[PDB]
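Down below is the structure, laid out as structure tokens.
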Amino acid sequence: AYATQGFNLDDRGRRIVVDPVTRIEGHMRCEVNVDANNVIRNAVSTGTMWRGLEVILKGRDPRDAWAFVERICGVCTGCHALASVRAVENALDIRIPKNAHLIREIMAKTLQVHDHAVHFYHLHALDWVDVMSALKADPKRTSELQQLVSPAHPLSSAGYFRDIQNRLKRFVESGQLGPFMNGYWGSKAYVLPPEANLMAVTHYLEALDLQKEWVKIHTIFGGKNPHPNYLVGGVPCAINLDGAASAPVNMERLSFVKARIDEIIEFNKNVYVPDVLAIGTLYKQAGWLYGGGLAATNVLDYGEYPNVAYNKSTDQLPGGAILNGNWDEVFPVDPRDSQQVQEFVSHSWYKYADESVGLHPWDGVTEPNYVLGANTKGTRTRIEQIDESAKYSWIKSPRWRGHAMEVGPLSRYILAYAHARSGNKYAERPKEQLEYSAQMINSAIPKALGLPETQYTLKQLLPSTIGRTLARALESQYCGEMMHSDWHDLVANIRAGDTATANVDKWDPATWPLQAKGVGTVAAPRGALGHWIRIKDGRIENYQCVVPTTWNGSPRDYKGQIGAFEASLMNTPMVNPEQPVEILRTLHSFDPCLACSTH
Amino acid sequence: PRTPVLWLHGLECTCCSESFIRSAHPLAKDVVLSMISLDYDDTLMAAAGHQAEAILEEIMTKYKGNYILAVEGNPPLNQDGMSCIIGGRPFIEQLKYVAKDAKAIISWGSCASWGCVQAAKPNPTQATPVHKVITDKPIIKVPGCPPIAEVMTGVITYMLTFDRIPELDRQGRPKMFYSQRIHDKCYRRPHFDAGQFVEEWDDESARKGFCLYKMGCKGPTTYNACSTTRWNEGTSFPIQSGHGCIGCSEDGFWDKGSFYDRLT
Ligand code: SF4
Ligand code: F3S
Ligand SMILES: [Cl-]
Ligand SMILES: [Cl-]
Ligand SMILES: [Kr]
Ligand SMILES: [Kr]
Ligand SMILES: [Kr]
Ligand SMILES: [Kr]
Ligand SMILES: [Kr]
Ligand SMILES: [Kr]
Ligand SMILES: [Kr]
Ligand SMILES: [Kr]
Ligand SMILES: [Kr]
Ligand SMILES: [Kr]
Ligand SMILES: [Kr]
Ligand SMILES: [Kr]
Ligand SMILES: [Kr]
Ligand SMILES: [Kr]
Ligand SMILES: [Kr]
Ligand SMILES: [Kr]
Ligand SMILES: [Kr]
Ligand SMILES: [Kr]
Ligand SMILES: [Mg+2]
């Protein structure tokens with residue numbers, strides 16, 4: 001038992017274990033302690049996988065690295081490739097042509113939308129939606145609810161909802177529940193009415209069918225999804241208008257991309273954002289504002305999506321760091337500064353010469369050290385209760401100037417809001433989205449559903465599991481809007497006569513400096529991603545990744561400070577400590593990617 | 001009743017699961033609701049922890065020798081197997097337990113089939129493909145990083161329709177999807193045959209879709225359906241979009257030299 005970051009940690013209560021944590025990417029174990037009233041007073045994040053990509057990269061060609069690191073994760077597919085090519089280009093002083101920049105941005109924003117929407121419906125929604133309750137719904141009332149929640153969504157008839165309900169009925173009545181088997185259906189932690197549940201199930205199915213269309217943008221520019229191809233110096237998808245399926249990119253291919261973008265915009269505006277606003281409103285009305293964790297104090301992002309390539313002041317998701325809940329002061333974040341981003345392994349299954357210090361990733365070290373503490377319940381190969389006083393995770397502990405930070409869409413939206421309030425005009429759209437969302441959640445949706453109106457500020461609403469879920473949906477919407485603009489810029493540039501897609505001036509290693517270092521950063525779907533590379537005599541000398549879920553899922557540092565996951569579970573009541581509904585709801589709001597976190 | 005599938009995840013990146021849900025014919029929705037009973041799958045399942053674990057026991061008992069085990073990823077043998085921990089125990093223990101009573105085993109992707117990226121030198125976890133650990137059960141390899149969506153659902157469809165594993169080549173891959181090298185039907189082949197090659201990225205030859213052999217294309221030594229079936233409902237494939245095949249369906253493709261070094 002000790003106090004840190006305003007949290008009173010206490011491990012004297014009842015211990016609860018969740019292993020595996022499901023509906024995430026990869027492998028995680030979570031343990032908590034609850035007090036006499038089932039309130040979480042301690043939380044422990046354990047990354048339960050490691051592959052060692054950083055070790056595997058040593059000695060290889062920097063031009064090949066993107067393909068290796070892309071395979072860190074097939075969910076956030078391509079963001080590691082983007083970070084890698086950016087890192088190599090930074091090391092070798094390579095500037096990519098405008099079309100390559102725009103195509104990479106379109107691919108990045110496509111990933112954002114796909115990842116966010118799939119996460120919400122297929123991984124997160126079952127923490128808010130009781131699918132068995134959907135069976136009790138009235139299709140006419142569901143139709144009426146759909147028309148209130150999103151009047152522009154064309155799939156709203158009672159017959160349509162009846163058909164969906166009937167298929168769910170037959171599925172459940174088969175006795176083979178599949179992914180719904182042994183679920184927590186009927187828990188008092190679920191608060192939605194039947195009609196809301198049926199609506200959400202319907203959209204789960206709609207999203208499952210539609211998500212495969214969105215990724216065809218990756219397929220056009222990158223050959224395949226998952227795992228589209230990238231290139232140091234630009235993009236491989238050469239442009240030729242007149243070329244008629246002779247080149248990778250012609251006007252027909254670009255028209256196809258635009259059609260997919262337009263579909264994305266409709267889905268975000270008509271399905272995803274309204275669903276999250278409605279579900280968020282109903283859980284707000286129930287008083288479920290838990291899960292803020294570090295978002296209430298410390299948030300970080302590198303900043304992304306510059307209007308003008310290589311001009312960071314024009315970032316459309318402007319970054320930096322906020323500390324102590326002070327939204328009037330955004331500190332600049334520099335990935336090159338050895339005193340800023342550092343990783344500790346004090347409570348991680350790795351070894352440093354000196355574990356009292358954090359290493360900046362250009363000086364990073366990845367030597368495994370799987371060893372369990374003295375208070376462990378069980379054995380080395382059969383853990384009953386993990387010992388969080390010692391090493392307890394395959395995830396390293398990243399900190400910024402020693403501070404524990406939350407990363408992700410919520411962090412980016414808090415930063416955008418802070419920037420917009422300080423006069424940054426590039427952040428105007430996220431600010432508009434937040435103010436609109438607050439008015440919907442507080443006033444418009446309650447008035448439409450006959451519920452009392454509330455007066456929560458963004459300061460109050462945002463640092464919460466609801467807020468974290470909302471920010472993801474808003475970011476998806478914003479990314480669709482931005483790539484629509486990027487498409488127009490791309491086509492205009494090509495039509496103006498610039499068809500260049502790759503800078504090959506430094507492709508050959510005989511042109512390289514004999515030593516170099518570089519860093520590439522990305523606003524990945526789950527937060528701040530960085531790759532740091534050292535090159536020597538044409539080969540990778542060091543390659544270190546610090547990934548968003550590494551930040552959020554980190555175990556404690558040398559000072560004992562907790563990371564975002566652990567902080568987010570604190571002070572949360574559980575309806576039943578043997579049903580991890582609230583734990584899953586909050587953990588899932590970070591969209592944990594464990595393969596990413598450990599690499 | 002629908003055939004139960006227990007879908008396990010070892011060390012992986014989850015690309016095979018993502019590819020599976022891209023399937024257009026059949027739709028993944030229709031596979032899950034009408035074809036199989038996806039009874040265990042960390043990615044999508046409602047239950048967690050003890051409730052998830054309890055499902056494995058129930059299905060193995062009720063459908064003994066009549067469920068399909070699908071494996072994505074692979075088991076590590078280093079770190080006493082605890083570089084991949086599930087329910088506080090090594091993944092390899094779960095893999096062996098569930099494999100015992102399976103009707104058939106599907107090794108999804110290059111991870112399960114051969115090792116993939118984590119098994120590339122120096123393989124710090126001693127990641128090991130499924131067939132080197134489970135040696136007494138029928139296994140079908142569906143390699144690729146990830147495999148094509150319709151190849152994955154094509155395998156499921158065949159197994160469900162016929163209650164048989166399809167005919168396999170010597171390496172355990174289904175001949176219905178892996179009988180051709182990319183280079184056999186690649187649309188850039190007439191350029192290859194005429195000695196017409198890209199030599200530098202975005203050169204005039206690249207803008208005319210010339211052959212990618214000299215840029216490192218591994219299509220001539222790689223068996224997959226990419227040049228015909230193609231990706232994401234036949235939208236493109238790596239070569240059509242301008243990058244050479246990197247050999248991703250072939251055993252040990254990460255350690256066959258630079259992706260940009262041409263075949264000799
Ligand atoms: S691009 Fe590759 S697969 Fe196609 S013809 Fe050339 S070498 Fe063969
Ligand atoms: S890289 Fe893989 S996806 Fe096909 S074209 Fe080559 S086998
Ligand atoms: Cl870029
Ligand atoms: Cl392999
Ligand atoms: Kr946690
Ligand atoms: Kr996912
Ligand atoms: Kr509403
Ligand atoms: Kr359904
Ligand atoms: Kr389902
Ligand atoms: Kr749902
Ligand atoms: Kr659902
Ligand atoms: Kr469903
Ligand atoms: Kr979307
Ligand atoms: Kr909803
Ligand atoms: Kr929500
Ligand atoms: Kr809000
Ligand atoms: Kr399956
Ligand atoms: Kr799946
Ligand atoms: Kr998935
Ligand atoms: Kr699915
Ligand atoms: Kr489904
Ligand atoms: Kr079978
Ligand atoms: Mg790292």
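Here is the naming used below: chain letters follow the sequence lines, and residue numbers restart at 1 for every chain. All values below come from the heavy atoms of this structure, side chains included, with hydrogens, waters and symmetry mates left out.
- Side-chain atoms of A:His588 come within 3.5 Å of backbone N or O of A:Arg23 as a donor-acceptor pair.
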### Query
After noting the C-alpha distance and the side-chain angles of A:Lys109 and A:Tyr478, does the key distance pass the side chain to side chain contact (heavy atoms under 4.5 Å, CB included) rule?
CA-CA 9 Å; A:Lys109 291 162 193 175; A:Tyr478 187 31; over 6 Å; no
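- Remark: the A:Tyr184 side chain and the B:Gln51 side chain contain an N/O donor-acceptor pair separated by less than 3.5 Å.
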#### Entry: salt bridge (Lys or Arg N to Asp or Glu O under 4.0 Å) between A:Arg167 and B:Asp30, worked out
CA-CA 11 Å; A:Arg167 191 168 188 191; B:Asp30 290 328; 2.8 Å; yes
Return a table of donor-acceptor pairs under 3.5 angstrom between the side chains of residues 144-153 of chain B and protein atoms on other chains or two or more places apart.
unit_1, atom_1, unit_2, atom_2, d
B:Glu150, OE2, B:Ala24, N, 3.0
B:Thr153, OG1, B:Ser23, OG, 2.7
B:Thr153, OG1, B:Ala149, O, 3.3

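- Counting only heavy atoms from C-beta outward, the side chains of A:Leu192 and A:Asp130 never approach each other to under 4.5 Å.
- The one candidate from A:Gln211, A:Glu213, A:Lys212 that meets the side chain to side chain donor-acceptor pair (under 3.5 Å) condition with A:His114 is A:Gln211.
- A cation-pi contact links A:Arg260 to A:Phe256, judged by a cut-off of 6.0 Å to the six-membered ring centre and 45° from its axis.
- When atom types are taken as modelled, the side chain of A:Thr549 and the backbone of A:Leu594 share no donor-acceptor pair closer than 3.5 angstrom.
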### Message
Before you tell me yes or no, could you show the steps for B:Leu33 and A:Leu205 under side chain to side chain contact (heavy atoms under 4.5 Å, CB included), namely the whole-Å CA-CA distance, both residues' side-chain angles and the distance that decides it to 0.1 Å?
### Response
CA-CA 11 Å; B:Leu33 297 180; A:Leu205 297 170; 4.2 Å; yes
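- B:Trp7 and B:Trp108 have tilted rings, their planes meeting at an angle from 30° to 60° on a 0 to 90° scale.
- Between B:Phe20 and B:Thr43, every side-chain heavy-atom pair lies at or beyond the 4.5 Å cut-off.
- Under the salt bridge (charged side-chain N to carboxylate O under 4.0 Å, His left out) criterion, A:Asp275 pairs with no residue, sequence neighbours left out.
- In this structure, the side chain of A:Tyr272 engages the main chain of A:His116 through a donor-acceptor pair within 3.5 Å.
- Considering only residues two or more places apart in sequence or on other chains, A:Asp115 meets the salt bridge (charged side-chain N to carboxylate O under 4.0 Å, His left out) condition with A:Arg526.
- In terms of heavy atoms, A:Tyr121 sits closest to A:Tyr204 at O-CD1, 3.1 Å.
- The side-chain heavy atoms of B:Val71 and B:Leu95, taken from C-beta on, include a pair separated by under 4.5 Å.
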### Query
Where do A:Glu25 and A:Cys596 land on the side chain to side chain contact (heavy atoms under 4.5 Å, CB included) test, with the steps shown first?
CA-CA 9 Å; A:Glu25 189 293 325; A:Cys596 264; 5.8 Å; no
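- Of the possible donor and acceptor atoms, one in the side chain of A:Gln176 sits under 3.5 Å from a partner among the backbone N and O of B:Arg2.
- The backbone N or O of A:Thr219 lies less than 3.5 Å from no partner atom in the side chain of A:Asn225, so there is not a single donor-acceptor pair.
- A search for ring-ring contact (aromatic ring centres under 6.0 Å, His included) contacts involving A:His218 returns nothing, not counting sequence neighbours.
- Residues B:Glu18 and A:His227 bring no donor and acceptor atom of their side chains to less than 3.5 Å of each other.
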#### Entry: Trace of the side chain to side chain contact (heavy atoms under 4.5 Å, CB included) decision for A:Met49 with B:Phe91
CA-CA 10 Å; A:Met49 64 181 294; B:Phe91 169 66; over 6 Å; no
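- With A:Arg585 contributing its side chain and A:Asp127 its backbone, the two residues share a donor-acceptor pair below 3.5 Å.
- Formation of a donor-acceptor pair under 3.5 Å by the A:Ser157 side chain with backbone atoms of A:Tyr160 is found in this model.
- For B:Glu72 and B:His9, the side-chain atoms include at least one donor-acceptor pair closer than 3.5 Å.
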Tabulate below the donor-acceptor pairs under 3.5 Å that side-chain atoms of residues 99-106 of chain B make, not counting sequence neighbours, or state none.
unit_1, atom_1, unit_2, atom_2, d
B:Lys100, NZ, B:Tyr97, O, 3.2
B:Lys103, NZ, B:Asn66, OD1, 3.3
B:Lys103, NZ, B:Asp163, OD1, 2.9

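- Applying the salt bridge (charged side-chain N to carboxylate O under 4.0 Å, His left out) criterion to A:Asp209, with sequence neighbours excluded, gives B:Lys29.
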